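In this note's numbering, the protein residues as written are 23 to 87.
Below is one structure, written out as C-alpha cells; comments come after it.
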C-alpha cells in the first residue's frame, strides 16, 4: 500500500535511532498512515511532537531494498 517515498520515510525512522518524533501537520500524516499500515507505532502522543517507534514490519520495510 505504501509507496517508495514511504520506504524512504520508514527507513529514516531507523536512521534517527528507531524512534521518530513529528510535531504534526501534513508531515505527520504519512507517519500515522504507516501506523495504520503497521510499520510505525505512536506511543507518546504529545501535543508537541508525536513519538513514532519502529515495528517489526517497519524493520522489515527498512530491510526491503
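C-beta: ideal position from N, C-alpha, C; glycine also.
Exposed unless 16 or more other CB atoms sit within 10 angstroms - verdict on residue i
i: residue 83; result: buried
i: residue 42; result: buried
i: residue 53; result: buried
i: residue 85; result: exposed
i: residue 25; result: exposed
i: residue 39; result: exposed
i: residue 80; result: buried
Simplified DSSP assignment, three categories, for residue i
i: residue 84; result: helix
i: residue 26; result: helix
Original post:
Fully enclosed by the region 29–81, which alpha helix (DSSP H) runs are 4 residues long or longer?
Top reply: 47–59
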